[PDB]
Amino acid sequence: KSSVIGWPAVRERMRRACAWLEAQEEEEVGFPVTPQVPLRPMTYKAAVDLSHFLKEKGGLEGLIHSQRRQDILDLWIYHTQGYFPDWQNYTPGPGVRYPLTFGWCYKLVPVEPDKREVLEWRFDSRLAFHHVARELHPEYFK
């Protein structure tokens, strides 16, 4: 749970995220697996629990969502807690984007004065008891 408190290092990174060039990295091939460690899809319980750790310690709330930022979260959870990074998908716009993962208590709301559309992570415990994505789109579910 204290390694769950390597989150500031993740949150830090999550933030701040005749011509100059990107330093293309040298790619190493393949997808390793660490030997006996179970990999599973994200769970309602974990998603709820994670959710709450996050709303407490802060940094997710009203941070601005880009896929780049999203991804750093997902890998973090994949590497430390072993949940495949397919769970943090949201329902499509325009509008508020809803979690497809029941138990994940963040949604993506748009926003104007401070600036397709821009969004931020926002916490909603109602997401825990009301699977909004599923009724908006039972097509995705079963």
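One rule holds for the numbers: they count along the sequence shown, beginning at 1.
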Unresolved deposited residues lying between neighbours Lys45 and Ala46 | none
From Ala17 on to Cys18, does the model leave out none, 1 to 3, 4 to 9, or 10 or more residues of the deposited sequence?
-> 10 or more
Look over 105-113 and 33-41 in the entry and identify the one with the greater average Cα temperature factor.
-> 105-113
Higher-scoring stretch by recorded Cα B factor average, 56-64 or 75-83 = 56-64
